[PDB]
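> Got a structure for you, questions after.
No Cβ is skipped: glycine too gets one built from the backbone with ideal geometry, and neighbour counts run over all protein chains shown. Any read-out appearing in this document is the output of simple, stated calculations on the displayed coordinates, not a laboratory observation.
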Amino acid sequence: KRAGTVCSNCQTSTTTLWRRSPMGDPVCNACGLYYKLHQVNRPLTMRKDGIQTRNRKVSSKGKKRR
DNA sequence: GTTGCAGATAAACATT
DNA sequence: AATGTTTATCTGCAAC
Ligand SMILES: [Zn+2]
């Protein structure tokens with residue numbers, strides 16, 4: 001349900017991937033990772049209208065996992 | 001057989 | 001300058 005999905009933590013709506021918070025509050029891929037690592041509400045001063053982009057990270061597959 | 005969703009990695013940026 | 005930190009892009013799996 002992307003339609004209407006707004007980041008509960010920073011209200012952004014241009015997320016690369018929609019994540020969910022432990023409380024069930026929709027969040028943008030950035031808040032979900034930043035929040036999980038620091039578990040604190042970050043000011044919207046880091047929110048950017050459009051999505052930032054960069055040269056694509058080297059192409060890599062993966063490794064076998066236990 | 002195709003789409004969409006969730007999650008993780010590595011690189012690059014900022015700081016000092 | 002190196003480390004720590006951050007975020008965008010990739011791949012996979014499940015249900016119909
Ligand atoms: Zn957010």
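> Over all pairs of distinct alpha carbons, what does the Kirkwood formula give as the hydrodynamic radius of chain A, in Å? List each step's numbers first, then the result.
Details: mean 1/r = 0.0745 Å⁻¹.
Taking the inverse mean of 1/r over all distinct Cα pairs, chain A comes out at 13.4 Å.
> Follow-up question, since we're still on this one. Relative contact order of chain A: what whole-number percent is it, with Cα pairs under 8 angstrom and at least 6 residues apart?
On the way: 66 pairs, mean separation 18.3, N = 66.
Dividing the mean separation by the residue count of chain A yields 28 percent.
> Starting from the Cα-Cα distance between A:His38 and A:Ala3, subtract it from 0.36 nm times their residue separation and give me the gain in nm to one decimal. Write down the numbers at each step before the final one.
Numbers: separation 35, 0.36 × 35 = 12.60 nm, distance 2.82 nm.
Using 0.36 nm per residue and subtracting the Cα-Cα distance, I get 9.8 nm.
> Related question: Note down the magnitude of the dipole of chain A about its Cα centre, charges +1 on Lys and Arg C-beta and -1 on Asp and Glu C-beta and zero elsewhere, to the nearest 20 debye. Don't skip to the answer; put the middle values down first.
Numbers: 16 positive and 2 negative charges, 144 e Å.
The calculation lands at about 700 debye.
> Sort the following peptides by mean Cβ neighbour count (other Cβ atoms within 10 Å, averaged over residues), highest first: A:25-36, A:44-55, A:5-16.
On the way: A:25-36: 18.8, A:44-55: 8.8, A:5-16: 16.1.
Final packing ranking: A:25-36, A:5-16, A:44-55.
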